[PDB]
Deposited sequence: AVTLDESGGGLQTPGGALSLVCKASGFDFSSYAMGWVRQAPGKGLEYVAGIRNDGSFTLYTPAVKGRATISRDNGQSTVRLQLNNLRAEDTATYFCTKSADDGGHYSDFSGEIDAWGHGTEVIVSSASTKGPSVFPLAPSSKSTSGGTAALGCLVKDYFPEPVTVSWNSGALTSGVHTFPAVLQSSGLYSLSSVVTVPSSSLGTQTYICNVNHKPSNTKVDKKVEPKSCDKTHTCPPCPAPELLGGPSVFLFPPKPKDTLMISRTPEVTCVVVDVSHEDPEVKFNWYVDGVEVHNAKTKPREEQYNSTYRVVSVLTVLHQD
């Protein structure tokens, strides 16, 4: 039961600093090397920083030279990352990784990863926090939907009927509009004979703004 629990990311002012942490459990933390992996919007994987099993050797990607500091606590099983002088190129999702070896070889940090976390999102922006606007997409079989527009930052979750409706649902990847605000559409196809006699409610939750919106979708 190897678990990697990340936290510490979100909205960060440009030129500022952030700190991520990773609470690991289920293995002898002192025997293996740890590291962080990030992925920018629309880009691939990139190793950010790695540390040895004891901590006497650290490595960094060239894009974080002089700004990053990776540390670990073998007694606490926590490995952290610190990034200073933030640029927009650091906007990404960061994953805490566990190696299978101690870190005496370079291929241990990216070639012997046997465990991943669930990730945490870092957004370097000079903008504030905005909740989303929810507008219905009114309708053999029919398709109804629900538009979630103008929110920042990205993390948003959509369910249908509090999770009762799961089959046929399609929630599209969000797109960054010109206004610096993300927008997303969630649709679901249902029997046309169920319109008007079954209630369809759009459940949206935006954590960075403490916004929870329940919107019933009906046709005019």
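K.L.:
Which ranges of the deposited chain go unmodelled, in order along the sequence?
P.N.:
Coordinates drop out over 140 to 146, 228 to 321.
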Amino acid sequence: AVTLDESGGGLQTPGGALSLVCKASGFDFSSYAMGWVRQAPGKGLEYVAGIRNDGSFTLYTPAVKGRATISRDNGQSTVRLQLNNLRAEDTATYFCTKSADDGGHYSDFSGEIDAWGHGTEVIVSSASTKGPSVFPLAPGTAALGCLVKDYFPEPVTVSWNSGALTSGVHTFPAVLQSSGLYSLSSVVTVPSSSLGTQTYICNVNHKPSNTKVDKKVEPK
From here on, numbers count along this sequence of modelled residues.
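K.L.:
May I ask you to compare 155 to 163 and 56 to 64 by their mean CA B factor in the entry and name the higher one?
P.N.:
So the stretch with the higher mean C-alpha B-factor is 155 to 163.
K.L.:
Take the C-alpha B-factors listed in the entry for 68 to 76 and for 140 to 148, compute each mean, and give the stretch with the larger one.
P.N.:
If you average the C-alpha B-factors of 68 to 76 and of 140 to 148, the larger mean comes out for 140 to 148.
K.L.:
Based on the deposited C-alpha B factors for this chain, I'd like to know if residue 110 is in the lowest, middle or highest third.
P.N.:
Its C-alpha B-factor, which the entry lists for residue 110, ranks in the lowest third among residues of this chain.
K.L.:
Considering every modelled residue of the chain and its Cα B-factor in the PDB entry, is residue 88 in the lowest, middle or highest third?
P.N.:
Its C-alpha B-factor belongs to the highest third of this chain's values.
K.L.:
Please place residue 35 in the lowest, middle or highest third of its chain by C-alpha B factor as given in the entry.
P.N.:
As the PDB entry reports it, the C-alpha B-factor of residue 35 lands in the lowest third of its chain.
K.L.:
What third of the chain, by the recorded C-alpha B-factor, contains residue 180?
P.N.:
Tercile = highest for this residue's CA B-factor.
K.L.:
Relative to the other modelled residues in the chain, which third contains the C-alpha temperature factor of residue 188: lowest, middle or highest?
P.N.:
Residue 188: CA B-factor falls in the highest third of its chain.
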